[PDB]
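Sequential numbering of the sequence shown, starting at 396, is according to PDB author numbering. Written out below as structure tokens is the structure these notes cover.
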Amino acid sequence: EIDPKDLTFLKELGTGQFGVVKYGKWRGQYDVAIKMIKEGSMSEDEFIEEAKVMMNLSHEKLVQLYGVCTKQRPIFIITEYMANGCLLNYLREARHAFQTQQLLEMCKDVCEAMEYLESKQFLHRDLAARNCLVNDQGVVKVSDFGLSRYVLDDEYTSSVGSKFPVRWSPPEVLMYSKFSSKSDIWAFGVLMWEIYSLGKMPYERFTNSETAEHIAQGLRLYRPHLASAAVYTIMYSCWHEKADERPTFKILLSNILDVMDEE
Ligand SMILES: Cn1c2c(cc(Nc3ccc(C(=O)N4CCOCC4)cn3)c1=O)-c1cccc(-n3ncc4cc(C(C)(C)C)cc(F)c4c3=O)c1C[C@H](O)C2
């Protein structure tokens with residue numbers, strides 16, 4: 396529990412599923428992001444119980460939870476500040492002029508975080524470049540893992556809804572609501588595609604409904620030009636129709652390291 400007397404509110408960072416997010420300082424020294432949770436957007440009591448366990452997730456490629464302010468409304472969630480913002484918009488700026496080793500290193504940063512969550516049996520359920528952040532050193536970290544469970548908006552939580560992450564979801568989630576470790580593995584392969592495509596929308600010429608149809612029939616995202624055959628094999632292994640045939644994050648990490656040594 397953070398005392399809100401120790402917070403300042405300095406700049407607006409944007410709006411997400413739970414409303415406004417601000418940049419500020421904690422104890423007049425530490426940069427933070429402050430999620431000011433909008434009324435009616437979150438299952439707050441359930442989150443508060445879960446914050447207790449989320450306080451114990453700590454890994455250098457996971458955005459760090461610093462605390463919460465819950466003796467009040469709105470409630471606040473206080474996290475590590477990531478100066479370069481979301482990975483999706485970062486990938487789309489042509490000025491960075493990324494080398495392919497930098498793109499693989501972004502995939503590796505996210506896979507390390509995901510291997511740590513897998514080790515804790517903890518699902519993200521919305522892994523995508525819009526939900527990863529980049530710090531001032533260009534390190535990518537995974538954000539808002541596990542928070543999908545507390546979203547009140549039916550347009551986000553229904554697999555037929557307008558905000559559901561259709562293009563990052565495997566066929567068994569779309570058809571059957573079958574969530575597992577393997578549904579995050581599928582999203583991870585889509586996130587590698589987003590990285591190697593410099594932030595294009597997956598299935599860029601299709602709607603969500605058409606994408607759901609395409610992937611249940613076996614078709615997959617094409618190889619981005621910047622991906623080698625070896626990088627494409629890694630992302631494509633995440634898309635096996637049989638969930639049990641998809642790798643684990645531990646296996647993907649070893650794959651990514653072997654390709655970095657190769658390239
Ligand atoms: C830390 N942190 C979070 C943010 C943003 C952060 N940092 C920055 C830093 C710089 C800039 C900037 O303006 N520029 C200008 C151009 O050059 C690049 C830099 C913007 N943001 C940050 O450190 C955030 C904000 C809004 C919304 C969200 N957001 N995103 C996904 C999301 C997803 C979900 C789910 C549950 C639907 C999955 C739930 C959510 F509440 C959110 C959510 O609040 C976040 C990200 C982070 O939460 C805070």
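Backbone N, C-alpha and C fix where the C-beta goes; we use that ideal spot for every residue, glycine too.
Spanning the alpha carbons of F471 and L452 requires a straight line of approximately 18 Å. Boundaries of the alpha helix (DSSP H) around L647: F644 to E657. Shown here, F517 sits in coil according to DSSP, grouped into three states, outside any helix or strand. In this structure, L460 keeps its C-beta atom at 8 Å or more from the C-beta atom of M477.
Looking at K536, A524, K637 and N650, the one whose alpha-carbon comes closest to that of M596 is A524. Counting only runs of at least 4 residues, the segment 471-527 fully encloses the following alpha helix (DSSP H) elements, listed from N- to C-terminal order: 482-486 and 495-514.
For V535, the pairing in a beta bridge is given by DSSP as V529. Taking C-beta atoms under 8 Å as the contact rule, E658 and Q497 fail to qualify, at a distance of about 12 Å.
A direct Cα-to-Cα measurement between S649 and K400 gives close to 45 Å.
Checking the DSSP bridge columns, you'll see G541 has no partner listed. In the DSSP annotation of this structure, the continuous segment of the beta strand (DSSP E) that includes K406 starts and ends at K406 to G411. Restricting attention to alpha helix (DSSP H) runs no shorter than 4 residues, the segment 407-456 encloses them at 439-449, ordered along the chain. For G462, the enclosing beta strand (DSSP E) starts and ends at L460 to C464.
Setting aside the 5 residues that flank it on each side, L405 is surrounded in the same chain by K417, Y418, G419 and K420, each with a C-beta closer than 8 Å to its C-beta; the list follows chain order.
Shortest Cα-Cα distance from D639 to any of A625, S578, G594 and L621 involves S578. Across the set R468, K433, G480 and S576, the C-alpha of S576 shows the shortest separation from the C-alpha of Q516. Residue environment analysis places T628 among the exposed positions, since fewer than 16 neighbouring C-beta atoms fall within 10 angstroms of its C-beta.
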